[PDB]
Each structure stands twice: as C-alpha cells, then as structure tokens.
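Data file: structure-v2.cif. Format and content: mmCIF, N, CA and C atoms.
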```
data_structure
loop_
_atom_site.label_atom_id
_atom_site.label_comp_id
_atom_site.auth_asym_id
_atom_site.auth_seq_id
_atom_site.Cartn_x
_atom_site.Cartn_y
_atom_site.Cartn_z
N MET A 1 22.74 185.50 68.14
CA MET A 1 23.94 186.14 68.62
C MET A 1 23.83 186.04 70.16
N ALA A 2 24.74 186.51 71.06
CA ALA A 2 24.35 186.78 72.47
C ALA A 2 24.68 188.27 72.74
N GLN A 3 25.42 188.86 71.80
CA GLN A 3 25.60 190.30 71.72
C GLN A 3 24.25 190.94 71.39
N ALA A 4 23.90 192.01 72.07
CA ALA A 4 22.67 192.73 71.79
C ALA A 4 22.94 193.95 70.91
N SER A 5 22.00 194.36 70.09
CA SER A 5 22.15 195.46 69.17
C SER A 5 21.09 196.50 69.46
N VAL A 6 21.28 197.67 68.85
CA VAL A 6 20.30 198.75 68.91
C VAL A 6 19.18 198.43 67.91
N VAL A 7 17.89 198.36 68.30
CA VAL A 7 16.82 198.20 67.30
C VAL A 7 15.82 199.30 67.61
N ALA A 8 15.16 199.77 66.55
CA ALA A 8 14.22 200.90 66.61
C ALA A 8 12.96 200.54 67.40
N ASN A 9 12.67 201.33 68.41
CA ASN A 9 11.52 201.13 69.25
C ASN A 9 10.31 201.83 68.65
N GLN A 10 10.49 202.60 67.60
CA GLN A 10 9.40 203.24 66.91
C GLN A 10 9.89 203.48 65.48
N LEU A 11 9.02 203.87 64.54
CA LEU A 11 9.49 204.20 63.20
C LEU A 11 10.28 205.49 63.40
N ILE A 12 11.49 205.50 62.87
CA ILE A 12 12.32 206.67 62.92
C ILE A 12 12.32 207.18 61.48
N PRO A 13 11.67 208.31 61.19
CA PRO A 13 11.65 208.92 59.85
C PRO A 13 13.05 209.31 59.38
N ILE A 14 13.22 209.37 58.05
CA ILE A 14 14.47 209.80 57.43
C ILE A 14 14.83 211.16 57.97
N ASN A 15 16.11 211.31 58.25
CA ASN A 15 16.72 212.53 58.76
C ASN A 15 16.28 213.00 60.15
N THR A 16 15.77 212.08 60.97
CA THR A 16 15.44 212.43 62.36
C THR A 16 16.71 212.33 63.21
N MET A 17 16.85 213.20 64.19
CA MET A 17 17.89 213.09 65.20
C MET A 17 17.42 212.09 66.26
N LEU A 18 18.26 211.11 66.58
CA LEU A 18 17.87 210.04 67.49
C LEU A 18 17.70 210.54 68.91
N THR A 19 16.70 210.01 69.60
CA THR A 19 16.48 210.28 71.01
C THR A 19 16.47 208.94 71.70
N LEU A 20 16.56 208.94 73.02
CA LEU A 20 16.55 207.71 73.78
C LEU A 20 15.28 206.89 73.70
N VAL A 21 14.08 207.50 73.56
CA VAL A 21 12.86 206.72 73.46
C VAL A 21 12.83 205.89 72.19
N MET A 22 13.63 206.25 71.18
CA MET A 22 13.61 205.56 69.91
C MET A 22 14.46 204.30 69.91
N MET A 23 15.32 204.02 70.89
CA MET A 23 16.25 202.92 70.77
C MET A 23 16.15 201.90 71.89
N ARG A 24 15.89 200.64 71.53
CA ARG A 24 15.89 199.58 72.52
C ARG A 24 17.07 198.66 72.24
N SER A 25 17.30 197.72 73.11
CA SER A 25 18.38 196.77 73.03
C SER A 25 17.80 195.37 72.88
N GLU A 26 18.20 194.61 71.87
CA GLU A 26 17.71 193.26 71.65
C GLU A 26 18.77 192.41 71.01
N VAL A 27 18.74 191.11 71.24
CA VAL A 27 19.67 190.17 70.65
C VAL A 27 19.01 189.76 69.36
N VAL A 28 19.49 190.31 68.26
CA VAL A 28 18.92 190.07 66.93
C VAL A 28 20.00 189.59 65.96
N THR A 29 19.67 189.02 64.81
CA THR A 29 20.67 188.64 63.81
C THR A 29 20.21 189.17 62.45
N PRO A 30 21.06 189.75 61.58
CA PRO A 30 22.47 190.09 61.83
C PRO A 30 22.67 191.15 62.92
N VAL A 31 23.86 191.25 63.50
CA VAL A 31 24.03 192.15 64.60
C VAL A 31 24.31 193.53 64.03
N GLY A 32 23.80 194.57 64.68
CA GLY A 32 23.92 195.94 64.23
C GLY A 32 24.82 196.70 65.18
N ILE A 33 24.59 198.00 65.35
CA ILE A 33 25.36 198.83 66.28
C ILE A 33 25.19 198.24 67.68
N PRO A 34 26.26 198.09 68.48
CA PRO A 34 26.18 197.42 69.77
C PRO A 34 25.28 198.17 70.73
N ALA A 35 24.43 197.52 71.53
CA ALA A 35 23.55 198.20 72.47
C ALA A 35 24.21 199.17 73.44
N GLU A 36 25.47 198.92 73.75
CA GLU A 36 26.26 199.76 74.67
C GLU A 36 26.46 201.17 74.12
N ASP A 37 26.33 201.32 72.79
CA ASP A 37 26.51 202.58 72.13
C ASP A 37 25.28 203.47 72.11
N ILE A 38 24.14 203.07 72.63
CA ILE A 38 22.94 203.90 72.61
C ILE A 38 23.18 205.32 73.13
N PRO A 39 23.81 205.58 74.30
CA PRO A 39 24.06 206.94 74.74
C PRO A 39 24.88 207.80 73.78
N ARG A 40 25.73 207.19 72.99
CA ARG A 40 26.55 207.96 72.09
C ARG A 40 25.83 208.34 70.81
N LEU A 41 24.73 207.65 70.51
CA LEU A 41 23.93 207.86 69.30
C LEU A 41 22.92 209.01 69.35
N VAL A 42 22.54 209.49 70.54
CA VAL A 42 21.57 210.54 70.72
C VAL A 42 22.09 211.81 70.04
N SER A 43 21.17 212.44 69.32
CA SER A 43 21.38 213.63 68.50
C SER A 43 22.08 213.36 67.19
N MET A 44 22.43 212.12 66.87
CA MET A 44 22.98 211.82 65.54
C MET A 44 21.78 211.55 64.65
N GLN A 45 21.94 211.78 63.35
CA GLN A 45 20.85 211.70 62.41
C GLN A 45 20.84 210.42 61.59
N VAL A 46 19.69 209.80 61.33
CA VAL A 46 19.70 208.61 60.50
C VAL A 46 19.53 209.06 59.05
N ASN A 47 20.06 208.33 58.10
CA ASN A 47 20.01 208.79 56.72
C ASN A 47 18.96 208.07 55.89
N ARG A 48 18.14 207.23 56.53
CA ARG A 48 17.03 206.58 55.89
C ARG A 48 15.95 206.37 56.95
N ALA A 49 14.74 206.03 56.54
CA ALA A 49 13.65 205.70 57.46
C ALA A 49 13.98 204.37 58.15
N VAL A 50 13.78 204.19 59.46
CA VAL A 50 14.07 202.93 60.10
C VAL A 50 12.74 202.49 60.69
N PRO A 51 12.03 201.51 60.13
CA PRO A 51 10.78 200.98 60.69
C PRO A 51 10.94 200.37 62.09
N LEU A 52 9.82 200.32 62.81
CA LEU A 52 9.72 199.69 64.12
C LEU A 52 10.32 198.30 64.05
N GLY A 53 11.21 197.97 64.99
CA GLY A 53 11.80 196.63 65.06
C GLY A 53 13.00 196.40 64.14
N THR A 54 13.46 197.37 63.32
CA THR A 54 14.62 197.24 62.45
C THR A 54 15.90 197.45 63.27
N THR A 55 16.91 196.60 63.04
CA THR A 55 18.22 196.78 63.67
C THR A 55 18.96 197.98 63.09
N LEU A 56 19.51 198.83 63.95
CA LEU A 56 20.22 200.00 63.48
C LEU A 56 21.63 199.55 63.10
N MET A 57 22.03 199.81 61.86
CA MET A 57 23.33 199.42 61.33
C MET A 57 24.23 200.64 61.19
N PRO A 58 25.58 200.52 61.23
CA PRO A 58 26.52 201.64 61.12
C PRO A 58 26.30 202.60 59.95
N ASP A 59 25.96 202.05 58.78
CA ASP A 59 25.73 202.85 57.58
C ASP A 59 24.41 203.65 57.58
N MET A 60 23.51 203.45 58.54
CA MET A 60 22.25 204.20 58.59
C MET A 60 22.38 205.45 59.42
N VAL A 61 23.48 205.69 60.15
CA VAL A 61 23.58 206.88 61.00
C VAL A 61 24.64 207.83 60.45
N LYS A 62 24.32 209.09 60.23
CA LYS A 62 25.29 210.01 59.66
C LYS A 62 26.35 210.36 60.69
N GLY A 63 27.64 210.26 60.36
CA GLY A 63 28.71 210.62 61.28
C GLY A 63 29.10 209.50 62.23
N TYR A 64 28.49 208.30 62.21
CA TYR A 64 28.86 207.24 63.13
C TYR A 64 30.06 206.54 62.55
N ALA A 65 30.92 206.30 63.52
CA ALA A 65 32.09 205.45 63.35
C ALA A 65 32.38 204.99 64.77
N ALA A 66 32.65 203.70 64.92
CA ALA A 66 33.05 203.06 66.16
C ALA A 66 33.20 201.59 65.72
#
```
Please express the file's structure as structure tokens.
Amino acid sequence: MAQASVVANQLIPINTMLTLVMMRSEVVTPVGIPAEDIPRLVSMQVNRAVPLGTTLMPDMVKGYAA
C-alpha cells in the first residue's frame, strides 16, 4: 500500500483501553485503520487480543466508526 495503518506496538490484551504507546504507524497489507486516526483511538476498547505487529482493523475496536 503507500497508505499507512495503525499496527500494535505491543500485545494489546482483550478489552484493554488503547493508549498511545500501544499504536505505531506502518505501511502494511491489508490496510487497517488509517494511521492519522491514532489520536482518536485513545481510550477506546479493543474487543479481542491484538498481538504485537497485528494491523488494527475497524471491527476490533468497540465504538469505532470512521
């Protein structure tokens, strides 16, 4: 892609509220939540465990729509 996505900088356990240390920006495929959205994702909860290096997708965050 040349669009960058949000990917997990650490294992994010199920039902954790996202913080900034947990999210990095990388050009990965398939593309996930756009990297520009990282500030809007803080304090939202993920609904599954996200391992280190996994791309964050719209369906993994509770309450996300964009």
Can you list every residue in chain A that DSSP puts in alpha helix (DSSP H), as a ChimeraX atom specification? /A:38-41
What's around residue 19 (chain A) at 7 Å? Count only N, CA and C atoms, leave out sequence neighbours fewer than 2 positions away in its own chain, and write the answer as a list in words. residues 16, 17, 21, 22, 23, 41, 42, 43 and 44 of chain A
Just want the 6 Å neighbourhood of residue 58 (chain A), counted on all atoms listed in the file, with same-chain residues fewer than 2 positions away dropped. Output as a PyMOL selection string. chain A and resi 32-33+56+60-61
Per DSSP on the backbone, filter chain A down to the residues in strand (DSSP E) and report them as a list in words. residues 5, 6, 7, 8, 23, 24, 25 and 26 of chain A
Output the residue selection produced by the PyMOL selection byres ((chain A and resi 25) around 7) on the file above, formatted as number ranges by chain. A: 4-7, 23-24, 26-27, 35
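Remark: for residue 2 (chain A), the closest of the candidate residues A:46, A:57, A:52, A:28 is A:28 (distances computed over only N, CA and C atoms).
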Distance in Å - atom C of residue 66 (chain A) versus atom C of residue 38 (chain A): 13.0 Å
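Running the PyMOL selection byres ((chain A and resi 10) around 5) on this file leaves residues 8, 9, 11, 12, 22, 51 and 52 of chain A selected.
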To one decimal place, how far is CA of residue 13 (chain A) from atom N of residue 1 (chain A) in Å?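 Going from CA of residue 13 (chain A) over to atom N of residue 1 (chain A) covers 27.2 Å.
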For residue 55 (chain A), which of A:39, A:18, A:3, A:29 is the closest residue, counting all atoms listed in the file?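 Ranking A:39, A:18, A:3, A:29 by distance to residue 55 (chain A), first place goes to A:29.
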What is the distance between CA of residue 37 (chain A) and atom C of residue 63 (chain A), in Å to one decimal?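 Interatomic distance, CA of residue 37 (chain A) to atom C of residue 63 (chain A): 12.4 Å.
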